[PDB]
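Take a look at the structure below.
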Amino acid sequence: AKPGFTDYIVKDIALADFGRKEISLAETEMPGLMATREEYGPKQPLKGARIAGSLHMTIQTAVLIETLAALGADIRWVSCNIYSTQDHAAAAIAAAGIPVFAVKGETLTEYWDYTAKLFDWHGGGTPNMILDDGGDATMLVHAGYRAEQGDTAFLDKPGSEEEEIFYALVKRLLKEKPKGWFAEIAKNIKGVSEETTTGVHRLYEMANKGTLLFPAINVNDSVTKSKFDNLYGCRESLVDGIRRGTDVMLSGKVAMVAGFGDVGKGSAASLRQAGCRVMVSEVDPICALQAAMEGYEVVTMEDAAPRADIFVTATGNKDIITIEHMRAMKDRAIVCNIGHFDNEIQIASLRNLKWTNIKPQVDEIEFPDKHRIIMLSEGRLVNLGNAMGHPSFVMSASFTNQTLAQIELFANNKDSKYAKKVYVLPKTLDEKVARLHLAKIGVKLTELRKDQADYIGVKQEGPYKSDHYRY
Amino acid sequence: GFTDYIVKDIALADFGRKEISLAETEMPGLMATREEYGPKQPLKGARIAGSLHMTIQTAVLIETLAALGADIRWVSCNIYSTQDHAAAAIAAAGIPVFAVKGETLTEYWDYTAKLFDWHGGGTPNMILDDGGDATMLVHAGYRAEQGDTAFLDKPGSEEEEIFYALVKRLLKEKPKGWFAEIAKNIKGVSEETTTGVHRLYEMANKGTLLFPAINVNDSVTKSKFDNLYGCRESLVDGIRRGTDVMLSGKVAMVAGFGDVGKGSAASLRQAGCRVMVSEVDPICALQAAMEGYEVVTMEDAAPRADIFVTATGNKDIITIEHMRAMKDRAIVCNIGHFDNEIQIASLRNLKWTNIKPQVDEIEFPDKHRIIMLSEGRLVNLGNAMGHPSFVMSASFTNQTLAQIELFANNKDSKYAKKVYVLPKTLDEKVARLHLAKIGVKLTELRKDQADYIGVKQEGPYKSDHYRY
Amino acid sequence: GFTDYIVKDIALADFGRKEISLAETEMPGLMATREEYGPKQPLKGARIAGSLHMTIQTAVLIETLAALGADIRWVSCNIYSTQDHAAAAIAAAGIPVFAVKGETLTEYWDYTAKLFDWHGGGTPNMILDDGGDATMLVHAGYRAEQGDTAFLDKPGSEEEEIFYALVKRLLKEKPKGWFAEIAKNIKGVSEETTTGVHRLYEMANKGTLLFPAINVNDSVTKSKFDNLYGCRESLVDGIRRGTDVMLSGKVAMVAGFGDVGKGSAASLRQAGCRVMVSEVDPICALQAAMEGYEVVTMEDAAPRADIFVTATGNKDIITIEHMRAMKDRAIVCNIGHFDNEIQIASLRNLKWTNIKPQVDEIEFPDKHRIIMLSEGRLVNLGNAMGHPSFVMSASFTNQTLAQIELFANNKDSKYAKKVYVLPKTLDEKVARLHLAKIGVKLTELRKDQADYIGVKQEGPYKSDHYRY
Amino acid sequence: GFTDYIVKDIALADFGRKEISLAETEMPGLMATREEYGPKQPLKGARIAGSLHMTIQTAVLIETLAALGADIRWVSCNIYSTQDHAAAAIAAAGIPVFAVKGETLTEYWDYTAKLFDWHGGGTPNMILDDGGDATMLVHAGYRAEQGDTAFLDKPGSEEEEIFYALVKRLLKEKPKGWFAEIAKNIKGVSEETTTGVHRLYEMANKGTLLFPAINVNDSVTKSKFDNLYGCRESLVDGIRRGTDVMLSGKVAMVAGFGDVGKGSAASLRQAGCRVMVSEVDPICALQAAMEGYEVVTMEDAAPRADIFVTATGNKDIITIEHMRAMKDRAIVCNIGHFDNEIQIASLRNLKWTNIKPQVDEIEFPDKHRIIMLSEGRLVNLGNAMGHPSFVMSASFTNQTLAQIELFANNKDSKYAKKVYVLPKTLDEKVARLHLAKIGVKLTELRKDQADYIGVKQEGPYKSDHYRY
Ligand SMILES: NC(=O)c1ccc[n+]([C@@H]2O[C@H](COP(=O)([O-])OP(=O)(O)OC[C@H]3O[C@@H](n4cnc5c(N)ncnc54)[C@H](O)[C@@H]3O)[C@@H](O)[C@H]2O)c1
Ligand SMILES: NC(=O)c1ccc[n+]([C@@H]2O[C@H](COP(=O)([O-])OP(=O)(O)OC[C@H]3O[C@@H](n4cnc5c(N)ncnc54)[C@H](O)[C@@H]3O)[C@@H](O)[C@H]2O)c1
Ligand SMILES: NC(=O)c1ccc[n+]([C@@H]2O[C@H](COP(=O)([O-])OP(=O)(O)OC[C@H]3O[C@@H](n4cnc5c(N)ncnc54)[C@H](O)[C@@H]3O)[C@@H](O)[C@H]2O)c1
Ligand SMILES: Nc1ncnc2c1ncn2[C@@H]1O[C@H](CO)[C@@H](O)[C@H]1O
Ligand SMILES: Nc1ncnc2c1ncn2[C@@H]1O[C@H](CO)[C@@H](O)[C@H]1O
Ligand code: NA
Ligand code: NA
Ligand code: NA
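Here the protein sequences line up with chains A, B, C and D, keeping their order.
The first sequence stops at residue 1689 when you use our numbering, and every number in between is there.
The second sequence stops at residue 472 when you use our numbering, and every number in between is there.
The third sequence stops at residue 472 when you use our numbering, and every number in between is there.
The fourth sequence stops at residue 472 when you use our numbering, and every number in between is there.
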């Protein structure tokens, strides 16, 4: 009746003006995305692309969405986490006429219903590109394909609440959609670009077994993503989530970080810089040695559980903090997860205990002996759930990579240089991403003279480092 | 059946109570003070008028004062610092409080006057003050009441206009001699902050101070923890919540390198900023340089920093000429006092656009914009939640001990109409109360070791001139 | 013909002069003091006996006093802290100096007595002291000369025995009344360090202080710079030169968190160690915890830490029982005072093996070993070069102004036989003299801004109770 | 009766042996390798010719190889880095070593040749090379001996003239076919430097590499310690020992933000400097900016900085134009490539004044001066002691494992005449061996956790593309 366009689901469409104000502020902080718009504008490399996006529906993501649209893309979007949407960013995208299905605090049932909506393209048909963060859109396609080719038995063996919902979803879509719908989608998708370490792992798995249905670009392992987003982004946004959720004094507290890869390194720095004394656990002896060389005590979770005030899982692995650990923690210890999903902490094992909600994404859990723990975002990503995720400037680097990966797969694969395997962007594009961000922060880069470039075996314009260089 | 309050939304009270419970665990000094003094009820008969940021941390202080026997009325000391769920919890507990986040300046001063209309009639007999506004209202009313009225016709500020209007109104609507009645009944004031304490010493020096005062700011366990470590935690929190900018890669400028300036510069450098500092005091300037900060003037910094913070307690630090020279979408804020460290009033003929509560974008004729936080009032309290509970436990344990001193320990008039600080034995006790919660194990001196350095095993361990 | 000196190798004098010239550029406070006061000759007629670490930095101080007109005799105040090339340069410039790195305790006390036999006859009329040893010789000799001699037969350490033997030999050899003659002629003493100042305040309280004293340690520009930032730079320098250990990944324990312990902990933490702290003072312990250090007892640290540093000014901090529990090749050192923070004397019958100067390996019957630096005496001066020149410029400018105060500005006897500190105007001036060299640009208050915070534009900017 | 060595002074052996013992405790990777492989004697029958900086740390590596069964002859790979007491201790243990600190280029090359006159006759069968000089000698002599001699005449530099004359001399004084005899007997070379590995790949791509090679430069544990952590430990050490300047308050410029530059900037910032950086690589520049460093050109830095450090591996980084613009007594040094980062030769007509070994003052016609460390050579090895033992234990454990791989694990010819890297499980093993000494407790994965992230419980834990 009142709006002509309603092919979207947002919490409050009246937040759109506020969203637009914050998007305009983020654009100033995202020079790489804005420069990418100017450069690729005239040529419309994404004209004819139908991008299904599954990525935290934040203000930063809204700038990415509008960059893809400025390059010619038709778009449908969902968040990849039930607590990470910023409702004013989702309202601004809906108000711009782009189908988005994203609400902060949506349920798991809604989450998966919304993901399925990516694939009913407005006007008929399917997407032809996927932009993924964590692999959930990619997984819907592959599980439904597997089931539709006749291997349905896995849909009846659910191991968790979200598995049950997911398996229910695939069953319902095989019941309601035209026969062969998943192979139709599969044949139409020209590529997937994937943002995060866990999603990328799921892809290399499928690619090794030969089950990956379309080419993929691993955006996580761009240098200007993994060594910036994963590291500096968490260094800024982990303590932001903990402060907004709890308002605790960090000076004087002991924090335990599980994992010392890129996210754990950034998370331990976030906490140490804020005043905590940080301990770390690791299974990888190189990463453990790095933590020790940075001055962190390296201990087991059993050693840390009776002692630390704050626990952060940063592993991408499962069953890091168990009910046994939480039974041993001090009263009102804080527990949260910056890694993945909701199984780094054994949330499901806590569900027979008394939970008291304090405020959105903050709960107090009471044990039989009366000691309590404070749980943030029910064990899901604390920086996006309890605060606002990474700040715009570092997401500009991640999302310039995403945009260039979408151009590669959609526009620069006319010769099948990308087969049904996982690829990374070339170093010349990685360097270009960094170069686009230097002016905003006042870096003055030195130029090699020809004799200096020759001396070290590089061209003046780069690339400056071998493909094996680790930075 | 209780109605004697003004808060934004009383339905927030349950949320407030839950966060107050969480804060109690983080406030061992206040909680131990309830246990030690609760049996003796040292504040029985006290009528405490409090003017202090109506936060969750202040709620724990109010309820400690009440556990010690005090009758209480409360207001916030800043128009943006109230936490509305804290205020609602205090109202729901039957305690008169008049505190709304984003209240107007007229509401602010009218609420302050409501402190002195005690429920049941009469006046308070204690003041607990942060920034001296409640104290100033009594003294200015007293002065006018005595017949020195001309200063009321000479406001140099809009808020001065509101404040003199209020005094004029109370002179007409309250009985003859009401300010002298309040002055004679106030047994003492304890004041929390550097600016308020300076105004106290200056009244005491001129002979105009009407009742005894304890300078709580200069407790070691206040000035060297709250002003330093508090701002180190809460400054960047206010900036992040207001703006969500990446601090790594940004240049920030901090005016002042006293206690708050030291904590502020640390807040920003620890968050990844490259930090520059201004100072007028060569000792503080040399401290900043030895800590690795570049020390520059505001004129030097104005065209190039991304973030500006005033931390001086002084006026006219960031001017319209500075702001005209700033880069587009520079962030400006104040963590010191009042709203005149930045020349906010000089901006009010420019285009302001509200982004969200306590965040505005100000556009200049040449189209460059600046981002102003909390309309240039305290950014940590206005844009976030102020200092965290643990460090406020130390400040507020000092406040509670100061209230006990003035109301219960002045039977021999040891406190005259002068400004006093608490003794080092109490300062050391406040520290000691916080050690167990954070796992500190203290060493005990043996007697011959205590003798060798000339202290008693139980302290005090330092001379009164020691600077820590 | 001039040989009224004792140095290790007079051939080091050219090298010493080269490093003195380099240090002058790094010491703008002292050089500016020469420039201002040289032509006024305020120390003309002064005969200054100095007992202070005979380093390159002290040589710039000695030549500053000489440039102000002083006649001088000098000794080091520590047996391991002399830099032999600095001593050789001072001897080459014709100033009596008695200082060798590695001199014995016997020589150390014989050299101190040489201060008082002034060349050309007579005694000194000023003392510049670091640690109080020259001052103590005078007071012990005077006490014994006034009849009270029994204490001389009751030493409780080998160094006391050497000291008491010296006093006895002086009373035997020198003209009757010699100590009273010295005491009558000394117009003042200025004292550099925490321990020395504590001894002076004690004597003042007991009425035994023989002449006026200035406590130079408690200038802000000494205690909050030298004690803090000097140790932050020179502690880890001493440990690295002594041991060359990698510090990243090691656990270190610092006893004390006053000014020297704060700087020491920072030195180790900035170098990559995980640092623990002990304290007896709850305020300093809370500071350590708020700065992120674990606060533990020495008993908890002893089996765990790789590196131990005493920073207390107190005795018996690291005992034989602690060292028995330490892991093999743990490193032990002292940055505080004398050699009794660590129980070195209880180690004397274990097997010691010298590694190199000021580095020894001590082995226990169970075969674990510890690495001892400078035999438990000041590690930053014994194993490396002491504090760098720039921070010593602030300390030594203070010392120079104190000699001026006592020698040239006591015509009205404003300084009685008590302990005084320099005024804040001089403290501020010291800092101001150091700003240009490190590129600090100070802001100047406008008149209305000064009036607003209640200061003069020229300072002082802070109250006398300000703690910085 | 042992005489097969050339060192400065065999009497230094006892001091060297004391320091080797102390380093062993700090090199748990090498000592644990002795424990694990000692019983198996994997290097029995190995004749290892080593060319690696002859320091105390390298002595521990030499005795580790011997502990595994190896016969050994050794030389330094650099004329300046030899520690004469380390060389003496090795000669005194009966191991042929030819290494004197400060030897001529001619001696450097003749000593390298002596690696190949094996005691008892015959040749080495293993090379442990650091920079590729020993490998280059074999390959050039082989090339000449096959009849391609034209290159031996027509050299460029003086070092090339020395090298070519050495090849000519060996072709006369050694049997016909000597170089081909050596080539056929070498079972492998391990090499850890960039330039050495570049030479090996270049020869492998051209088919001219004569035997298998392991590139230890590729190792994660070698690369992070030898480049990042080692320089973070030893840069400021070299600067302090050379100059004793206060770092707090100073501005430093680091050219390069690769691994050595990252470690150097951190070294200086942690010690108190405010650090600026230059870079040509936008990714490395952005890293530096995100870590809070100002990124500028050398032209911008030249008039401003107090200290300059070159860390690029490139040439002509600091030029005469830059040094003309520097402030008086700025400090200049190099931690990057062995020479040519600073234009030293352009200073040769200025007045140079030696201050002490490896410290010189250079005076410009306008009388401003700069302080040059180690004549532009490596400041950490030249002015101090290089990387600490624990750092070198990581790189040297890698070398030991590579020697084991080539000598003992090539029965199936899995290594042909190409360049290989150690597999990630041996890189992980290097780290594993260092964990117990520094108190790390590693978590073990359960099988379902290992499965979930796609790894075996025993590793490797990361893909070969992982950057750490
Ligand atoms: N927001 C908070 O939570 C919080 C906490 C404590 C105190 N405060 C307030 O912060 C302000 C500062 O308090 P403080 O304890 O740090 O005081 P302080 O005296 O220790 O420090 C103020 C510093 O400002 C410097 N200064 C004065 N005018 C200057 C100018 N024009 N330019 C540069 N520097 C100048 C002074 O030299 C001084 O060192 C006060 O108003 C105080 O009440 C706020
Ligand atoms: N080596 C140097 O270059 C250098 C520089 C300045 C001062 N000093 C000397 O360092 C010593 C300390 O000086 P300071 O200025 O830091 O004094 P301080 O009073 O500021 O601090 C000493 C601290 O030691 C603590 N303490 C006392 N006994 C203790 C114990 N048994 N265990 C743990 N802590 C204990 C005190 O509580 C105190 O906080 C003095 O001897 C001083 O003369 C040395
Ligand atoms: N002193 C030591 O003990 C020690 C230890 C390890 C390595 N090194 C040597 O240090 C050098 C650097 O090693 P690295 O591992 O850091 O190499 P790297 O390749 O990781 O870093 C070199 C950096 O220099 C930058 N660069 C090149 N030319 C430049 C210029 N004109 N201006 C500014 N930046 C420039 C490059 O972009 C690169 O990021 C090599 O010569 C290496 O062998 C010395
Ligand atoms: N503000 C944000 N907006 C969008 N994505 C974000 C934000 N913060 C972190 N992320 C992304 O979330 C991923 C984790 O699911 C990370 O790979 C990171 O790139
Ligand atoms: N390089 C130095 N030269 C002279 N005195 C020093 C040096 N380093 C530290 N000191 C002084 O030694 C005192 C301790 O005896 C400290 O108070 C300090 O001022
Ligand atoms: Na954000
Ligand atoms: Na708070
Ligand atoms: Na020195």
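From the three backbone atoms N, C-alpha and C, an ideal C-beta is built for every residue, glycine too.
* Asked: Looking at residue 17 of chain C and ligand 3, is the gap between the Cβ and the nearest heavy atom below 7 Å?
  -> no
* residue 404 of chain D in three-state terms, based on DSSP -> helix
* Could you name the residues of chain C that residue 35 of chain D contacts, counting a contact when the two beta carbons are closer than 7 Å? => Chain C residues near residue 35 of chain D: none, gap ~13 Å exceeds 7 Å.
* Rounded to whole angstroms, what's the CA-CA distance from residue 1256 of chain A to residue 1246 of chain A? Just pull it up for me. => 14 Å
* **Cut-off 8 Å between Cβ atoms - residues of its own chain near residue 229 of chain B, not counting five sequence neighbours on either side** => 395, 398 and 399
* Using a Cβ cut-off of 8 Å (strictly closer), state whether residue 251 of chain D contacts chain C. => yes
* What separation, rounded to the nearest whole angstrom, lies between the Cα atoms of residue 1328 of chain A and residue 1589 of chain A? -> 34 Å
* To do: Measure the C-alpha to C-alpha separation of residue 303 of chain D and residue 1576 of chain A and round it to an integer number of angstroms.
  => 57 Å
* To do: Please name the residues in the region 267–291 of chain D whose beta-carbon is closer than 8 Å to at least one beta-carbon of chain C, in chain order.
  => 274, 275 and 276
* Asked: Can you name the residues of chain A whose CB is closer than 7 Å to the CB of residue 300 of chain D?
  -> 1662
* **Within chain C, partners of residue 395 of chain D - CB distance below 8 Å** => 250
* Quick one: list the residues of chain C neighbouring residue 1347 of chain A, beta-carbon separation under 9 Å, in chain order. => Here the premise fails: no neighbours, minimum Cβ distance about 46 Å.
* Evaluate the contact criterion for the region 41–55 of chain B versus the region 403–420 of chain B: three or more CB pairs, one atom per stretch, below 8 Å. => yes
* **Where residue 1600 of chain A falls: helix, strand or coil (DSSP)** => helix
* Quick one: Cα of residue 469 of chain D to Cα of residue 323 of chain D, how far? -> 38 Å
* To do: Indicate whether residue 1563 of chain A and residue 1538 of chain A have their beta-carbon atoms separated by less than 8 Å.
  => yes
* Residue environment, residue 1340 of chain A, which counts as buried when at least 16 other CB atoms sit within 10 Å -> exposed
* **is_contact[residue 29 of chain B, chain A] using C-beta, thresh 8 Å** => yes
* Rounded distance between the beta-carbons of residue 299 of chain C and residue 444 of chain B, thought under 8 Å -> 4 Å
* To do: Give the DSSP bridge partners of residue 360 of chain B, in chain order.
  => B:363
* Enclosing beta strand (DSSP E) for residue 76 of chain B [first to last residue] -> 75–79
* State the start and end residues of the unbroken alpha helix (DSSP H) segment that holds residue 209 of chain D. => 198–209
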